[PDB]
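Below, read A as the first sequence line, B as the second, and so on, with proteins coming before strands; counting in each chain starts at 1.
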Amino acid sequence: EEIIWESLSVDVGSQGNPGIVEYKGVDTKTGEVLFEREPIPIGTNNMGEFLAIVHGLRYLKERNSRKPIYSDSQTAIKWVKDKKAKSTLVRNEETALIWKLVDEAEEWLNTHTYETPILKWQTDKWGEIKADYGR
RNA sequence: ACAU
DNA sequence: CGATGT
Ligand SMILES: [K+]
Ligand SMILES: [K+]
Ligand SMILES: [Mg+2]
Ligand SMILES: [Mg+2]
């Protein structure tokens with residue numbers, strides 16, 4: 001119903017899918033960019049969306065912040081809930097890096113705790129998520 | 001179908 | 001138009 005403005009919004013950007021993947025997190029209220037991942041040469045949209053949320057979790061925990069995270073990805077929200085990214089992406093030499101990051105993100109979730117609410121950004125009502133890349 |  | 005996902 002109401003946007004929770006005191007929150008962190010994340011999103012993925014890619015050139016191709018699968019393709020070059022990056023992600024960022026912003027202050028929902030102001031749009032300030034709080035983190036940005038160096039582009040990863042081959043990944044999927046959903047792996048990027050998943051890593052973005054987990055990074056948000058790590059970022060907010062490190063800073064003792066109880067803010068919620070918004071993501072527009074139904075898929076990534078569920079993967080985080082499950083602590084398991086069910087990506088179809090082939091594992092080979094050119095996807096090794098993204099798969100290393102995904103594996104490590106799952107491992108972080110399985111070894112840490114958090115109370116952060118992970119909320120669905122309601123694109124149909126509110127427009128584009130504030131972390132969107134605009135591609 | 002929905003979410004990207 | 002193509003792909004990633006539940
Ligand atoms: K975009
Ligand atoms: K589809
Ligand atoms: Mg998105
Ligand atoms: Mg976007």
With a cut-off of 3.5 Å and sequence neighbours excluded, list every side-chain donor-acceptor pair involving residues 27-40 of chain A.
{"residue": "A:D27", "atom": "OD1", "partner": "A:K29", "partner atom": "N", "Å": "2.9"}
{"residue": "A:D27", "atom": "OD1", "partner": "A:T30", "partner atom": "N", "Å": "3.3"}
{"residue": "A:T28", "atom": "OG1", "partner": "A:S7", "partner atom": "O", "Å": "3.2"}
{"residue": "A:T28", "atom": "OG1", "partner": "A:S7", "partner atom": "OG", "Å": "2.7"}
{"residue": "A:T28", "atom": "OG1", "partner": "A:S9", "partner atom": "OG", "Å": "2.7"}
{"residue": "A:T30", "atom": "OG1", "partner": "A:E32", "partner atom": "N", "Å": "3.2"}

Those residues that, when tested against A:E104, pass salt bridge (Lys or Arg N to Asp or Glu O under 4.0 Å) (two or more places apart)
A:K100

A:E6 atom CD, neighbour heavy-atom count above 12 within 6.0 Å
no

Classify the angle between the aromatic ring planes of A:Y23 and A:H55 as parallel (below 30°), tilted (30 to 60°) or perpendicular (above 60°).
tilted

Going by the rule salt bridge (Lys or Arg N to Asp or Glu O under 4.0 Å), which residues pair with A:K24 if we only count those two or more places apart in sequence or in a different chain?
none

Is A:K120 close enough to B:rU4 that one of its side-chain N or O atoms is under 4.0 Å from OP1 or OP2 there?
yes

Taking CD from A:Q122 and P from B:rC2, how many angstroms apart are they, rounded to a whole number?
15 Å

Could you tell me how far apart A:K125 (NZ) and B:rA3 (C1') are, to the nearest whole angstrom?
12 Å

Could you identify which residues of residues 35-57 of chain A place a heavy atom less than 4.0 Å from some atom of RNA chain B, listed by residue number, or say none?
A:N45, A:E49

Who passes salt bridge (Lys or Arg N to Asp or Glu O under 4.0 Å) against A:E2, sequence neighbours left out?
none

With a cut-off of 6.0 Å (strictly less than), are more than 12 heavy atoms of other residues, nucleotides or ligands near NZ of A:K83?
yes

For DNA chain C, which nucleotides open and close the run of contacts to chain A, 5' to 3', at under 4.0 angstrom from a non-hydrogen atom?
C:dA3 to C:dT6

Is there a continuous path of hydrophobic side-chain contacts, each under 4.5 Å between heavy atoms, that joins A:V12 to A:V80?
no

